[PDB]
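Only one chain is shown below, in structure tokens, and it's the form deposited without the partner chain.
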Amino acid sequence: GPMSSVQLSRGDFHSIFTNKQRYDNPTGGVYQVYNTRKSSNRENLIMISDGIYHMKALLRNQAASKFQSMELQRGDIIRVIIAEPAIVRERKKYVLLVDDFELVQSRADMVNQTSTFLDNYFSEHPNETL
């Protein structure tokens, strides 16, 4: 059919934190907003999904202004444009720092949901990350 669902970058979160090349350029990923629940007005911490894992993303600078103005919510699909990963070694926490993104689709289908938290996957395989 022409109207197939928009494809998320499945496996990209795992690749960002295991592969040096992807870590160094973690842009172009297509993800779905998983959770937007509140606590900063110049920084929005949200949960995003790649279809397999969900992970924390901290929207800063123009991504923060855009998120707030667009009122992005669970189910919305975005494309990350400016980003850098963050590994909090002392707490075994993983965050994608997002400075810019684009809206791909608002209110997209979110069915047969099986994504698990990225940090928990790495807890099960401790020496896997970079």
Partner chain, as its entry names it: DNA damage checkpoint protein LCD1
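Between two forms, the rigid core is the largest collection of C-alphas that superpose within 1.5 Å. Positions refer to the first chain, counted from 1.
One more form of this protein exists, namely the form solved in complex with the partner chain; it is left out here, but the text below deals with it.
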property	result
7, 14 and 52 each touching the partner chain in the deposited complex (heavy atom, 4.5 Å)	no
The partner chain contact in the deposited complex: residue 79, any heavy atom under 4.5 Å	no
Residue 88 within 4.5 Å of the partner chain in the deposited complex, heavy atoms	yes
Close approach of residue 74 to the partner chain in the deposited complex, 4.5 Å, heavy atom	no
Residue 30, heavy atom within 4.5 angstroms of the partner chain in the deposited complex	no
Residues within stretch 95-115 having a non-hydrogen atom within 4.5 Å of the partner chain in the deposited complex	95, 97, 99
Moved residue between the shown form and the other one - picked from 19, 106, 113, 120, where its Cα shifts 2 angstroms or more relative to the rigid core	113
